[PDB]
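Peer 1: Model the structure of this input:
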Amino acid sequence: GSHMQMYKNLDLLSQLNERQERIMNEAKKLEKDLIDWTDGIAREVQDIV
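Peer 2: Numbering: from 1, shown residues only. Coordinates below:
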């Protein structure tokens, strides 16, 4: 009845939380790639200069 409807809706959090964890993972990835890019370019430019 009303309670099961309520529980099914509360349970949609599962999918939303999956998405939140994906986006957080992609932000961490991006941060690490930006750092590694910057460090890698600096080493290369130092090699040139």
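Peer 1: what helices or strands is the longest helix along the chain leaning on?
Peer 2: The single longest helix within the chain, with elements called by DSSP state H, is helix 13-48. Counting contacts by 3 or more Cβ pairs under 8 Å, 6 or more residues apart in numbering; DSSP states H and E, helix 13-48 packs against no other helix or strand. Every C-beta, even on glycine, is put in place using the N, C-alpha and C of the backbone.
Peer 1: What residues of it count as buried?
Peer 2: By 16 or more other Cβ atoms under 10 Å, helix 13-48 has no buried positions at all.
Peer 1: what's the offset of it from the middle of its chain?
Peer 2: Its chain's C-alpha centre and that of helix 13-48 lie 9 Å apart, by Cα atoms, centre = their mean, to the nearest Å.
Peer 1: cool, and stretch 35-49?
Peer 2: That offset, for stretch 35-49, works out to 26 Å (Cα atoms, centre = their mean).
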